[PDB]
Every structure is written in C-alpha cells, then in structure tokens.
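Source file: model.txt; contents: compact mmCIF, C-alpha atoms and all ligand atoms.
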# COMPACT_ATOMS: atom_id res chain seq x y z
CA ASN A 450 3.63 -90.86 65.70
CA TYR A 451 6.09 -90.08 62.87
CA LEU A 452 5.67 -91.57 59.40
CA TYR A 453 7.66 -91.42 56.16
CA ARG A 454 6.84 -92.24 52.54
CA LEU A 455 9.12 -94.82 50.93
CA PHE A 456 7.07 -95.99 47.91
CA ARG A 457 6.27 -93.80 44.91
CA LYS A 458 5.89 -94.07 41.14
CA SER A 459 8.08 -91.02 40.45
CA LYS A 460 10.54 -88.62 42.08
CA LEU A 461 9.50 -85.45 43.89
CA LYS A 462 9.84 -82.00 42.41
CA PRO A 463 11.51 -79.39 44.66
CA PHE A 464 9.18 -77.68 47.17
CA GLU A 465 6.11 -79.88 46.79
CA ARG A 466 3.96 -82.10 49.00
CA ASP A 467 2.45 -85.57 48.67
CA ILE A 468 -0.08 -86.51 51.36
CA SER A 469 -1.97 -89.08 49.26
CA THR A 470 -2.20 -92.56 50.81
CA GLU A 471 -2.97 -95.31 48.30
CA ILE A 472 -1.57 -98.84 48.18
CA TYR A 473 1.51 -98.95 45.96
CA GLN A 474 1.55 -101.33 42.98
CA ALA A 475 4.75 -103.27 43.63
CA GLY A 476 3.88 -106.02 41.14
CA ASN A 477 1.24 -106.72 38.49
CA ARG A 478 -1.87 -107.82 40.41
CA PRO A 479 -3.98 -104.82 41.50
CA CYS A 480 -4.18 -104.08 45.21
CA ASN A 481 -7.69 -102.50 45.08
CA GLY A 482 -7.17 -100.96 48.51
CA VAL A 483 -6.11 -104.26 50.13
CA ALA A 484 -2.54 -104.99 51.18
CA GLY A 485 -0.88 -108.31 50.44
CA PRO A 486 1.66 -109.85 48.07
CA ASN A 487 3.45 -107.16 46.00
CA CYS A 488 1.13 -104.51 47.50
CA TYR A 489 2.62 -102.37 50.27
CA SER A 490 1.33 -99.27 52.03
CA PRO A 491 3.56 -96.24 51.34
CA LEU A 492 3.40 -94.84 54.89
CA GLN A 493 5.76 -96.66 57.27
CA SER A 494 5.72 -95.55 60.89
CA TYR A 495 8.90 -94.74 62.80
CA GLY A 496 10.02 -96.76 65.79
CA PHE A 497 12.09 -94.29 67.83
CA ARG A 498 13.40 -95.55 71.20
CA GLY B 103 -11.46 -68.42 37.17
CA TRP B 104 -9.37 -71.53 36.59
CA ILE B 105 -9.17 -74.82 38.50
CA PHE B 106 -5.75 -76.48 38.68
CA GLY B 107 -4.94 -79.94 39.99
CA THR B 108 -4.21 -83.55 39.19
CA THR B 109 -7.82 -84.73 39.50
CA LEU B 110 -11.21 -83.00 39.34
CA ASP B 111 -12.66 -83.26 42.86
CA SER B 112 -10.65 -85.32 45.36
CA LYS B 113 -7.86 -87.92 45.92
CA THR B 114 -5.13 -85.37 45.05
CA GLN B 115 -4.41 -81.68 45.68
CA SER B 116 -6.44 -79.04 43.84
CA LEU B 117 -6.52 -75.28 43.29
CA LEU B 118 -9.31 -72.69 43.11
CA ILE B 119 -8.83 -69.13 41.79
CA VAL B 120 -12.56 -68.44 41.36
CA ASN B 121 -13.53 -64.77 41.03
CA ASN B 122 -16.52 -62.49 40.46
CA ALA B 123 -17.07 -58.96 39.13
CA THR B 124 -17.77 -56.77 42.18
CA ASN B 125 -14.84 -57.67 44.45
CA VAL B 126 -11.78 -59.00 42.63
CA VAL B 127 -11.11 -61.97 44.91
CA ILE B 128 -8.06 -64.22 44.59
CA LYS B 129 -9.21 -66.53 47.40
CA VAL B 130 -6.92 -69.54 47.01
CA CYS B 131 -8.58 -72.63 48.46
CA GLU B 132 -6.32 -75.53 49.43
CA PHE B 133 -9.04 -77.70 50.98
CA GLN B 134 -7.91 -80.90 49.22
CA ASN B 165 -7.34 -79.99 55.12
CA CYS B 166 -6.66 -76.33 54.36
CA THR B 167 -2.94 -75.55 54.05
CA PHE B 168 -2.75 -72.24 52.14
CA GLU B 169 -5.00 -69.17 52.25
CA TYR B 170 -4.44 -65.87 50.43
CA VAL B 171 -6.61 -62.99 49.23
CA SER B 172 -5.79 -59.64 47.61
CA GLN B 173 -7.38 -57.11 45.26
CA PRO B 174 -5.69 -56.87 41.83
CA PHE B 175 -6.33 -59.78 39.47
CA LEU B 176 -8.68 -58.32 36.85
CA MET B 177 -9.27 -54.66 35.84
CA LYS B 187 -13.75 -55.44 22.69
CA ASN B 188 -10.73 -56.07 24.92
CA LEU B 189 -8.19 -58.91 24.86
CA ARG B 190 -6.90 -60.15 28.22
CA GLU B 191 -3.61 -62.04 27.94
CA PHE B 192 -2.44 -64.19 30.86
CA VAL B 193 0.52 -66.45 31.64
CA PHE B 194 0.36 -69.04 34.44
CA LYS B 195 3.55 -70.89 35.37
CA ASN B 196 4.57 -73.59 37.86
CA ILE B 197 8.34 -73.72 38.46
CA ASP B 198 9.76 -75.13 41.74
CA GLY B 199 6.36 -74.85 43.42
CA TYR B 200 5.96 -71.16 42.53
CA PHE B 201 2.79 -70.01 40.75
CA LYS B 202 3.71 -66.87 38.80
CA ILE B 203 0.82 -65.02 37.13
CA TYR B 204 1.27 -62.40 34.40
CA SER B 205 -1.48 -60.03 33.28
CA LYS B 206 -1.95 -57.31 30.66
CA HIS B 207 -5.06 -55.67 29.19
CA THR B 208 -4.98 -54.54 25.56
CA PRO B 209 -7.74 -53.06 23.37
CA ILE B 210 -8.41 -55.18 20.29
CA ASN B 211 -9.84 -54.17 16.91
CA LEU B 212 -11.11 -56.70 14.32
CA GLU B 213 -11.44 -59.39 16.99
CA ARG B 214 -11.50 -62.28 14.51
CA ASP B 215 -8.19 -64.22 14.48
CA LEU B 216 -5.31 -62.78 16.51
CA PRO B 217 -3.70 -59.32 16.23
CA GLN B 218 -0.25 -58.73 14.78
CA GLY B 219 1.57 -56.57 17.31
CA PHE B 220 3.54 -56.46 20.53
CA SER B 221 2.24 -55.99 24.08
CA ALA B 222 4.40 -57.30 26.91
CA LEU B 223 2.80 -58.84 30.00
CA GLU B 224 3.64 -57.62 33.51
CA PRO B 225 4.05 -59.76 36.66
CA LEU B 226 1.08 -59.58 39.02
CA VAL B 227 0.83 -62.35 41.65
CA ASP B 228 3.37 -64.90 42.93
CA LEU B 229 2.07 -67.93 44.86
CA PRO B 230 4.23 -70.62 46.57
CA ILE B 231 1.50 -73.26 46.47
CA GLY B 232 3.89 -76.23 46.14
CA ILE B 233 1.69 -78.80 44.38
CA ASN B 234 1.82 -80.79 41.14
CA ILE B 235 -0.50 -78.81 38.79
CA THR B 236 -0.94 -81.70 36.36
CA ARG B 237 -3.85 -80.34 34.30
CA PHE B 238 -6.24 -77.38 34.33
CA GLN B 239 -9.87 -76.50 33.68
CA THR B 240 -11.41 -73.11 32.90
CA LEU B 241 -14.35 -72.08 35.08
CA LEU B 242 -17.32 -70.82 33.06
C1 LIG A 501 2.94 -84.74 38.81
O1 LIG A 501 2.73 -86.16 38.95
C2 LIG A 501 3.00 -86.91 37.75
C3 LIG A 501 2.65 -88.35 38.04
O2 LIG A 501 1.41 -88.45 38.74
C4 LIG A 501 4.46 -86.72 37.34
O3 LIG A 501 4.68 -87.40 36.11
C5 LIG A 501 4.78 -85.24 37.18
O4 LIG A 501 6.16 -85.06 36.91
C6 LIG A 501 4.40 -84.46 38.44
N1 LIG A 501 4.63 -83.04 38.25
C7 LIG A 501 5.17 -82.25 39.19
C8 LIG A 501 5.33 -80.81 38.83
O5 LIG A 501 5.50 -82.69 40.29

Here is a file; write its structure as structure tokens.
Amino acid sequence: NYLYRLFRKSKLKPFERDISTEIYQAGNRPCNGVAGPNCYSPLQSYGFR
Amino acid sequence: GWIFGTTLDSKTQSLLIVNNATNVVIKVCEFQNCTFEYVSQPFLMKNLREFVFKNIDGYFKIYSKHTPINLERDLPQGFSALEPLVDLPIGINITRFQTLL
C-alpha cells in the first residue's frame, strides 16, 4: 500500500509535491504509455514484511 | 485573476485565483483531488495597480499597492513601495502563468 518515486527528470525543490504518474524515458525510444525496454514506471510499491 | 501551473488544464498541478467585483474572493482551487482551500477578503480595493507574485520554497507571496496615475501613456517616474498582502504555502512548481480576462 506504500509507494515511492525513484525516477525523475530533475531534482525536487524544497516543500513541493509530485503526484504525476507517467512512464519515465530511460532511453531513446518513446514509451507512449507502455512499459518495456528502457521504459520504467516511476512508482515502485513497497514490500514490507 | 491569474492562472498558474505547468500545463493549461490537466496532467500537472494548477492554480486558480479567479475573482469578481462584488465579493473579493481569493478562492484557491487545487483540484488538479483537492489539497488546498483558502478564502479571505482583501485582494483588490485612472489608477495603476502594481502587483508582485513570488514562488520561493513553495511559498506564494503576493504584494499589492494602489496608486493614482496621471498621463497614463508609458510608465510614471516616481516611487511607490508595495506592501505584503497574502502568503500562500501552495507547494507546487509554478512553471508558467496566464492572465484571466
Ligand atoms: C518545475 O519543473 C521543471 C521541469 O518540468 C523544472 O525545470 C523546474 O525547476 C521546476 N520548478 C520548480 C520550482 O520546482
């Protein structure tokens, strides 16, 4: 139920939010909303046990 | 009023400081999922209305001063310091802005 953002194109300013969820461009081919090679979702879910 | 935000309609976070003449409303809409609501009276009131809007560390500081103007073509040559009016901890990007007509 807990998620963190690990992919971004820039660094956060102090006291600001970023709730946008688009597929990060980790390469050169465009993701176009579809995950795959060099295209990773920025929201990774936690696995607490 | 003025619309602040990264995009025009959606996909990011936006701002809305729309106002009318009868009640001076500062209703801050954070719909784009409401996360910040605020409303108070004083925002506004041949006259020149000088304003300063800033965004430092997520704080929206608004200055305001009303000054009578004569010979309204070009800009006057004088001094009239602006006073602080409204502080808002909105905490968003504020990439660009658009004036509401
Ligand atoms: C807003 O986002 C852009 C990139 O989308 C970035 O360059 C800029 O520094 C950001 N500004 C703030 C105040 O976070």

Taking only C-alpha atoms and all ligand atoms into account, list the residues no farther than 8 Å from ligand LIG 501 (chain A), as a short mmCIF file (atom, residue, chain, number, x, y, z; two decimals) with C-alpha atoms, keeping the file's coordinate frame.
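Written out: pocket.cif:
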data_model
loop_
_atom_site.label_atom_id
_atom_site.label_comp_id
_atom_site.auth_asym_id
_atom_site.auth_seq_id
_atom_site.Cartn_x
_atom_site.Cartn_y
_atom_site.Cartn_z
CA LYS A 458 5.89 -94.07 41.14
CA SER A 459 8.08 -91.02 40.45
CA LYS A 460 10.54 -88.62 42.08
CA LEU A 461 9.50 -85.45 43.89
CA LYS A 462 9.84 -82.00 42.41
CA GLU A 465 6.11 -79.88 46.79
CA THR B 108 -4.21 -83.55 39.19
CA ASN B 196 4.57 -73.59 37.86
CA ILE B 197 8.34 -73.72 38.46
CA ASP B 198 9.76 -75.13 41.74
CA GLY B 199 6.36 -74.85 43.42
CA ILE B 233 1.69 -78.80 44.38
CA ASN B 234 1.82 -80.79 41.14
CA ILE B 235 -0.50 -78.81 38.79
CA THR B 236 -0.94 -81.70 36.36
#

Taking only residues of chain A that have an atom at most 12 Å from an atom of range 124-175 of chain B, what is each one's shortest atom pair and its distance in Å to one decimal, using only C-alpha atoms, in chain and number order, as a Markdown table?
| residue | atom | partner | partner_atom | distance |
| --- | --- | --- | --- | --- |
| A:466 | CA | B:167 | CA | 10.8 |
| A:467 | CA | B:134 | CA | 11.4 |
| A:468 | CA | B:134 | CA | 9.9 |
| A:469 | CA | B:134 | CA | 10.1 |

File dump, residues just selected, C-alpha atoms, as a CSV table (one decimal), in the frame of the given file:
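Resulting contents of part-v1.csv:
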chain,number,residue,atom,x,y,z
A,466,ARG,CA,4.0,-82.1,49.0
A,467,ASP,CA,2.4,-85.6,48.7
A,468,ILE,CA,-0.1,-86.5,51.4
A,469,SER,CA,-2.0,-89.1,49.3

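The space separating CA of residue 453 in chain A from CA of residue 492 in chain A comes to 5.6 Å.
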
Q) So what do you get for CA of residue 456 in chain A versus CA of residue 476 in chain A, distance-wise? A) 12.5 Å

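The two atoms in question, CA of residue 496 in chain A and CA of residue 451 in chain A, are spaced 8.3 Å apart.
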
**Q.** Of the listed residues B:200, B:123, B:237, B:225, that which approaches chain A most closely, counting all atoms listed in the file
**A.** B:200

Q: Find the residues around residue 491 in chain A up to 8 Å (only C-alpha atoms counted), leave out those fewer than 6 positions away in its own chain, and share them as a ChimeraX atom specification.
A: /A:453-457,470-473

Need the axis-aligned box for range 473-478 of chain A with 4 Å each side, so what are the centre and edges in Å to one decimal, as JSON?
{"center_x": 1.4, "center_y": -103.4, "center_z": 42.2, "size_x": 14.6, "size_y": 16.9, "size_z": 15.5}

Can you tell me, as a compact mmCIF listing (two decimals) with C-alpha atoms, in the coordinates of the input, what residues are no more than 10 Å from residue 478 in chain A when counting only C-alpha atoms, ignoring any on the same chain fewer than 5 positions away?
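Just written: part-v1.txt:
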# COMPACT_ATOMS: atom_id res chain seq x y z
CA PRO A 486 1.66 -109.85 48.07
CA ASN A 487 3.45 -107.16 46.00
CA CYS A 488 1.13 -104.51 47.50

Q) Nearest to chain A among B:222, B:231, B:120, B:241, with distances taken over only C-alpha atoms: which residue is it? A) B:231

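Checking B:122, B:211, B:240, B:205 one by one against residue 228 in chain B, counting all atoms listed in the file, you find the shortest gap at B:205.
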
Q: Return the single residue from A:494, A:452, A:489, A:464 that is closest to chain B, with distances computed using all atoms listed in the file.
A: A:464
